[PDB]
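Novice: I'd like to ask you about the structure that follows.
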Amino acid sequence: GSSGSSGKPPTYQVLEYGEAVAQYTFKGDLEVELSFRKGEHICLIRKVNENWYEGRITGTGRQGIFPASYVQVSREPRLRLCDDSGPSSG
């Protein structure tokens, strides 16, 4: 809630989305190749694979995939890929 007007209710759902931190400054010109600055927080939408991670750079617009080794994975997303048998109790 930054501005006065607001449709969606004030809540924290992002928790679902993935979380990563740029460790190394990447560089790309092609669409698929998304650029980011170290420290920036890329919002993982649909993780492509354990190698390349898809996201977006809120504020600028850029969007695409990028090498993991470059970024830091802390909270992997969830698009209902597989169903593990009792992964964790909680």
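FYI, nothing fancy with the structure tokens labels: chains A, B, ... in order, residues from 1 per chain, ligands from 1 as they appear.
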For the structure I just gave you, how does DSSP split segment 5-85 of chain A - specifically, which residues are strand (DSSP E)? Reply as a PDB file with N, CA, C and O atoms, in the first residue's frame.
Specialist:
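See states_5.pdb below for the written result:
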```pdb
ATOM      1  N   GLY A  18       9.211 -17.306  -6.401  1.00  0.00           N
ATOM      2  CA  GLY A  18      10.577 -17.626  -6.033  1.00  0.00           C
ATOM      3  C   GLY A  18      11.374 -16.397  -5.640  1.00  0.00           C
ATOM      4  O   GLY A  18      11.006 -15.276  -5.983  1.00  0.00           O
ATOM      5  N   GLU A  19      12.468 -16.611  -4.914  1.00  0.00           N
ATOM      6  CA  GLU A  19      13.317 -15.512  -4.470  1.00  0.00           C
ATOM      7  C   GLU A  19      14.785 -15.801  -4.772  1.00  0.00           C
ATOM      8  O   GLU A  19      15.296 -16.873  -4.450  1.00  0.00           O
ATOM      9  N   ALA A  20      15.456 -14.837  -5.392  1.00  0.00           N
ATOM     10  CA  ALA A  20      16.864 -14.986  -5.737  1.00  0.00           C
ATOM     11  C   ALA A  20      17.597 -13.652  -5.643  1.00  0.00           C
ATOM     12  O   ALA A  20      16.980 -12.588  -5.695  1.00  0.00           O
ATOM     13  N   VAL A  21      18.918 -13.716  -5.502  1.00  0.00           N
ATOM     14  CA  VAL A  21      19.734 -12.513  -5.401  1.00  0.00           C
ATOM     15  C   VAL A  21      20.877 -12.538  -6.411  1.00  0.00           C
ATOM     16  O   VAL A  21      21.646 -13.495  -6.470  1.00  0.00           O
ATOM     17  N   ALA A  22      20.980 -11.476  -7.204  1.00  0.00           N
ATOM     18  CA  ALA A  22      22.029 -11.374  -8.211  1.00  0.00           C
ATOM     19  C   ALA A  22      23.408 -11.324  -7.564  1.00  0.00           C
ATOM     20  O   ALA A  22      23.718 -10.397  -6.816  1.00  0.00           O
ATOM     21  N   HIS A  41      16.882  -7.808  -6.650  1.00  0.00           N
ATOM     22  CA  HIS A  41      16.058  -8.959  -6.300  1.00  0.00           C
ATOM     23  C   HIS A  41      15.134  -9.337  -7.454  1.00  0.00           C
ATOM     24  O   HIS A  41      14.129  -8.668  -7.703  1.00  0.00           O
ATOM     25  N   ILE A  42      15.481 -10.410  -8.156  1.00  0.00           N
ATOM     26  CA  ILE A  42      14.682 -10.877  -9.282  1.00  0.00           C
ATOM     27  C   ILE A  42      13.545 -11.777  -8.815  1.00  0.00           C
ATOM     28  O   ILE A  42      13.768 -12.760  -8.107  1.00  0.00           O
ATOM     29  N   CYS A  43      12.325 -11.438  -9.219  1.00  0.00           N
ATOM     30  CA  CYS A  43      11.152 -12.218  -8.842  1.00  0.00           C
ATOM     31  C   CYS A  43      10.943 -13.386  -9.801  1.00  0.00           C
ATOM     32  O   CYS A  43      10.452 -13.207 -10.916  1.00  0.00           O
ATOM     33  N   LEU A  44      11.320 -14.580  -9.360  1.00  0.00           N
ATOM     34  CA  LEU A  44      11.177 -15.779 -10.180  1.00  0.00           C
ATOM     35  C   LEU A  44       9.706 -16.120 -10.394  1.00  0.00           C
ATOM     36  O   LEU A  44       8.982 -16.415  -9.441  1.00  0.00           O
ATOM     37  N   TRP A  52      18.846 -22.420 -15.887  1.00  0.00           N
ATOM     38  CA  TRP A  52      18.340 -21.094 -16.227  1.00  0.00           C
ATOM     39  C   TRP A  52      17.102 -20.757 -15.405  1.00  0.00           C
ATOM     40  O   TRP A  52      16.210 -21.589 -15.239  1.00  0.00           O
ATOM     41  N   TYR A  53      17.053 -19.532 -14.892  1.00  0.00           N
ATOM     42  CA  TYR A  53      15.923 -19.087 -14.086  1.00  0.00           C
ATOM     43  C   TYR A  53      15.214 -17.908 -14.744  1.00  0.00           C
ATOM     44  O   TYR A  53      15.851 -16.937 -15.154  1.00  0.00           O
ATOM     45  N   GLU A  54      13.891 -18.000 -14.841  1.00  0.00           N
ATOM     46  CA  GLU A  54      13.095 -16.942 -15.451  1.00  0.00           C
ATOM     47  C   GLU A  54      12.569 -15.978 -14.391  1.00  0.00           C
ATOM     48  O   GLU A  54      12.251 -16.381 -13.273  1.00  0.00           O
ATOM     49  N   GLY A  55      12.481 -14.701 -14.753  1.00  0.00           N
ATOM     50  CA  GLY A  55      11.994 -13.699 -13.823  1.00  0.00           C
ATOM     51  C   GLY A  55      11.703 -12.374 -14.499  1.00  0.00           C
ATOM     52  O   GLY A  55      11.426 -12.328 -15.695  1.00  0.00           O
ATOM     53  N   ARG A  56      11.766 -11.293 -13.727  1.00  0.00           N
ATOM     54  CA  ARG A  56      11.505  -9.961 -14.258  1.00  0.00           C
ATOM     55  C   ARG A  56      12.203  -8.894 -13.419  1.00  0.00           C
ATOM     56  O   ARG A  56      12.519  -9.119 -12.249  1.00  0.00           O
ATOM     57  N   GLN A  63      12.604  -8.605 -18.986  1.00  0.00           N
ATOM     58  CA  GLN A  63      12.099  -9.899 -18.544  1.00  0.00           C
ATOM     59  C   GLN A  63      12.646 -11.024 -19.416  1.00  0.00           C
ATOM     60  O   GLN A  63      12.720 -10.896 -20.637  1.00  0.00           O
ATOM     61  N   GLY A  64      13.032 -12.126 -18.780  1.00  0.00           N
ATOM     62  CA  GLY A  64      13.569 -13.257 -19.514  1.00  0.00           C
ATOM     63  C   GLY A  64      14.223 -14.280 -18.606  1.00  0.00           C
ATOM     64  O   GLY A  64      13.886 -14.378 -17.426  1.00  0.00           O
ATOM     65  N   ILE A  65      15.160 -15.045 -19.156  1.00  0.00           N
ATOM     66  CA  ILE A  65      15.862 -16.064 -18.388  1.00  0.00           C
ATOM     67  C   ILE A  65      17.307 -15.660 -18.127  1.00  0.00           C
ATOM     68  O   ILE A  65      17.805 -14.691 -18.702  1.00  0.00           O
ATOM     69  N   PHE A  66      17.980 -16.408 -17.259  1.00  0.00           N
ATOM     70  CA  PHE A  66      19.370 -16.127 -16.922  1.00  0.00           C
ATOM     71  C   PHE A  66      20.013 -17.322 -16.224  1.00  0.00           C
ATOM     72  O   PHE A  66      19.336 -18.177 -15.652  1.00  0.00           O
ATOM     73  N   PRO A  67      21.352 -17.386 -16.274  1.00  0.00           N
ATOM     74  CA  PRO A  67      22.116 -18.472 -15.651  1.00  0.00           C
ATOM     75  C   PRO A  67      22.077 -18.410 -14.129  1.00  0.00           C
ATOM     76  O   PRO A  67      22.274 -17.349 -13.536  1.00  0.00           O
ATOM     77  N   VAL A  71      23.171 -15.901 -10.507  1.00  0.00           N
ATOM     78  CA  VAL A  71      22.302 -15.443  -9.430  1.00  0.00           C
ATOM     79  C   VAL A  71      22.321 -16.417  -8.256  1.00  0.00           C
ATOM     80  O   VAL A  71      22.885 -17.506  -8.352  1.00  0.00           O
ATOM     81  N   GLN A  72      21.702 -16.014  -7.152  1.00  0.00           N
ATOM     82  CA  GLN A  72      21.649 -16.852  -5.959  1.00  0.00           C
ATOM     83  C   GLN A  72      20.222 -17.314  -5.682  1.00  0.00           C
ATOM     84  O   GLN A  72      19.312 -16.498  -5.535  1.00  0.00           O
ATOM     85  N   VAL A  73      20.035 -18.627  -5.609  1.00  0.00           N
ATOM     86  CA  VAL A  73      18.719 -19.199  -5.350  1.00  0.00           C
ATOM     87  C   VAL A  73      18.501 -19.418  -3.857  1.00  0.00           C
ATOM     88  O   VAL A  73      19.286 -20.102  -3.198  1.00  0.00           O
ATOM     89  N   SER A  74      17.430 -18.834  -3.328  1.00  0.00           N
ATOM     90  CA  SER A  74      17.110 -18.964  -1.912  1.00  0.00           C
ATOM     91  C   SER A  74      15.754 -19.637  -1.720  1.00  0.00           C
ATOM     92  O   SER A  74      15.591 -20.494  -0.849  1.00  0.00           O
ATOM     93  N   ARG A  75      14.785 -19.244  -2.539  1.00  0.00           N
ATOM     94  CA  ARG A  75      13.442 -19.808  -2.459  1.00  0.00           C
ATOM     95  C   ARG A  75      12.929 -20.188  -3.845  1.00  0.00           C
ATOM     96  O   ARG A  75      12.467 -19.334  -4.601  1.00  0.00           O
TER      97      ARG A  75
END
```
Novice: Quick one: residues within 10 Å of residue 62 of chain A, only C-alpha atoms counted, chain neighbours fewer than 5 positions away excluded, as a PDB file with C-alpha atoms, in the first residue's frame?
Specialist:
```pdb
ATOM      1  CA  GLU A  31      14.989 -10.939 -25.148  1.00  0.00           C
ATOM      2  CA  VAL A  32      15.548 -14.308 -23.473  1.00  0.00           C
ATOM      3  CA  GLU A  33      18.770 -12.812 -22.117  1.00  0.00           C
ATOM      4  CA  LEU A  34      17.739 -10.665 -19.151  1.00  0.00           C
ATOM      5  CA  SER A  35      20.230  -8.282 -17.546  1.00  0.00           C
ATOM      6  CA  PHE A  36      20.448  -7.403 -13.851  1.00  0.00           C
ATOM      7  CA  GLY A  55      11.994 -13.699 -13.823  1.00  0.00           C
ATOM      8  CA  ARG A  56      11.505  -9.961 -14.258  1.00  0.00           C
ATOM      9  CA  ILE A  57      13.100  -6.635 -13.329  1.00  0.00           C
TER      10      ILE A  57
END
```
Novice: Mind giving me the straight-line distance from atom CA of residue 3 of chain A to atom CA of residue 61 of chain A in Å, one decimal?
Specialist: 20.2 Å
Novice: When you draw a straight line from atom CA of residue 14 of chain A to atom CA of residue 69 of chain A, how long is it in Å?
Specialist: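 For atom CA of residue 14 of chain A relative to atom CA of residue 69 of chain A, the distance reads 23.4 Å.
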Novice: Between A:40, A:59, A:84, A:1, single out the one closest to residue 24 of chain A, counting only C-alpha atoms.
Specialist: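 The shortest atom-to-atom distance to residue 24 of chain A comes from A:40.
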Novice: Rounded to one decimal, what separation in Å do you get between atom CA of residue 50 of chain A and atom CA of residue 77 of chain A?
Specialist: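 So the two atoms, atom CA of residue 50 of chain A and atom CA of residue 77 of chain A, lie 11.1 Å apart.
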Novice: Nearest to residue 70 of chain A: which of A:90, A:16, A:8, A:51 is it, counting only C-alpha atoms?
Specialist: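 For residue 70 of chain A, the nearest of the candidates is A:51.
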Novice: Could you pull out the helix (DSSP H, G or I) residues of chain A, going by DSSP on the backbone, and write them as number ranges by chain?
Specialist: A: 14-16, 68-70
